Amino acid sequence: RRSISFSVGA
Amino acid sequence: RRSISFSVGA
Amino acid sequence: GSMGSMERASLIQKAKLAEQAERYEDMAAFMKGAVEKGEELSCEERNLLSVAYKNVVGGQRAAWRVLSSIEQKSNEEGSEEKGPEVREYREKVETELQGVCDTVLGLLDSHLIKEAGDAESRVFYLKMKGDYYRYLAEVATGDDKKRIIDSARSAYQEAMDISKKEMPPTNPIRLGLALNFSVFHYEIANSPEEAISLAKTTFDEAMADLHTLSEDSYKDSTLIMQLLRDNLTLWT
Amino acid sequence: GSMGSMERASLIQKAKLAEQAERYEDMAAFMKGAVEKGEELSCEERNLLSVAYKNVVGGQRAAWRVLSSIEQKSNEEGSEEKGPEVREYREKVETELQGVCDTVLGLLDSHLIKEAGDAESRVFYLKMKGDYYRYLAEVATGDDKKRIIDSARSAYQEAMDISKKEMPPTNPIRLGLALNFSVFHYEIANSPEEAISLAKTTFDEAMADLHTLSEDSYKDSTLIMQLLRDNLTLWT
Ligand SMILES: [Ca+2]
Ligand SMILES: [Ca+2]
Ligand SMILES: [Ca+2]
Ligand SMILES: [Ca+2]
Ligand SMILES: [Cl-]
Ligand SMILES: [Cl-]
Ligand SMILES: [Mg+2]
Ligand SMILES: [Mg+2]
Ligand SMILES: [Mg+2]
Ligand SMILES: [Mg+2]
Ligand SMILES: [Mg+2]
Ligand SMILES: [Mg+2]
């Protein structure tokens, strides 16, 4: 599975 | 709820 | 047009790739290009055309409904007595939706329907004509609305007449046509009793013909029958 | 450009409508128009810009990965020794993706970063610069690849240095930056140990500062901390 990134909100 | 329509496949 | 330099077979291949990639605007553009080669479409190719444009117009319809809802509240007794922006953006989305419908209807008229002689192809295209006039009717006001509704009705009716003469009651295209014409009656034509009657007759006539079918055909037909039942449950 | 005749406030309003309608390409176009008015963006407006382009580029990345996978199989030992179509369509999607990234990077360079003096705005924009160079790096070959990677690294590093000086360890922008820089290390820079180290230090330093926070701030910070933990679980 690819890694999880984040911007602003889910 | 709106009515369900159909084309080709789900 | 833009796809004029690409081989027909390549357009079809790329439409299938676009479907896999969930690139439905690309898919529709490839399929429009394929239609514009001038040759008839196979069963598989008709299905690709329908899937592409169903997904494009589906996103536009969903957006339009969101924006229309917001617009109705903003012109309720005492809501955001605000500016023109909601209406303007709803109108933008509406015009784009109408343009997609007009594109599909134009492909049907130039020249898919006129060259379609087998019942499967002709019913498929006439159903599609009814569907895209129905989508136009969902957003219509002004002087031609009644006329848009009658265009949808007329296309569905010609499809129905052919399907009843030429197809068994379990044929998936016949079933999907009847389903969508029943939705037209309920949601567009203010004819819920006609909708209910058509759904029930369609369901019952299909049930009586299931015994003739293979396991795979049975699965296909019963899936659409369940949609008829789902509407009947909503409507009754 | 195209949005030059629309009021700034109207562009912002329509961006919010587009978000509600899940019209992310429209949303991005409205927000580009707002940036091009030349004024700085508020916190809320920066968030709208990011949401719009994250969704646009996200669809393109997902499509690219599907098509790249199909392309790898077709050039495996003995698969579809077929035609140029898969490569051509992957290349089409790739070029569109690169164009979106270049657009975002262009907005950052003209002139969002240079006018951003507060830590919240400057870190936000530098993080975004790192992110969009990272998306370029995901698809890069050819002579400038190393250079794309170093551009991402440099932007993230400047953001990190500011965030550590100027923000508490629970600040959501600081946390999201550290999360994304750790993804860069793991997925782009072939540095899994650095990724793991950064995620763990970030998590632990945030945990030690939670006691300072309100209930709402606590919720915001812990949500992002859980993403760090989710990656650590995948990576270890
Ligand atoms: Ca014919
Ligand atoms: Ca027959
Ligand atoms: Ca400033
Ligand atoms: Ca500070
Ligand atoms: Cl507009
Ligand atoms: Cl292509
Ligand atoms: Mg064309
Ligand atoms: Mg040819
Ligand atoms: Mg209108
Ligand atoms: Mg512009
Ligand atoms: Mg002004
Ligand atoms: Mg390329």
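We number each residue from 1, going along the chain as drawn.
Per deposition record, X-ray crystallography, 1.1 Å.
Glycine residues also receive a Cβ, built from the backbone N, Cα and C atoms like all the rest.
Here is what the PDB entry records for this protein:
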{"type": "SEQADV", "residues": "C:1-5", "note": "expression tag"}
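For reference, Swiss-Prot has these:
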{"type": "MOD_RES", "residues": "C:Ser10", "note": "phosphoserine"}
{"type": "MOD_RES", "residues": "C:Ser79", "note": "phosphoserine"}
{"type": "SITE", "residues": "C:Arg61", "note": "site 'Interaction with phosphoserine on interacting protein'"}
{"type": "SITE", "residues": "C:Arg134", "note": "site 'Interaction with phosphoserine on interacting protein'"}
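The structure, with features from Swiss-Prot marked on it.
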residue  : record                                                       : Cβ neighbours (10 Å)
C:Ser10  : phosphoserine                                                : 19
C:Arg61  : site 'Interaction with phosphoserine on interacting protein' : 17
C:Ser79  : phosphoserine                                                : 11
C:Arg134 : site 'Interaction with phosphoserine on interacting protein' : 25
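Closest in space to C:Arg61 (site 'Interaction with phosphoserine on interacting protein'), of the recorded positions given as C:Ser10, C:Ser79, C:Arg134, is C:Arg134, taking the CA atom of each residue.
Residue pair C:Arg134 (site 'Interaction with phosphoserine on interacting protein') / C:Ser79 (phosphoserine) shows a Cα separation of 31 Å. Residues distinguished by a CB atom under 6 angstroms from ligand 3 are absent from the recorded positions C:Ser10, C:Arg61, C:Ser79, C:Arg134.
In this structure, the C-alpha atom of C:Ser10 (phosphoserine) lies 53 angstrom from that of C:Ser79 (phosphoserine). When the C-beta distance to chain D is held to under 8 angstroms, the recorded positions C:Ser10, C:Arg61, C:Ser79, C:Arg134 reduce to C:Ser10, listed in sequence order.
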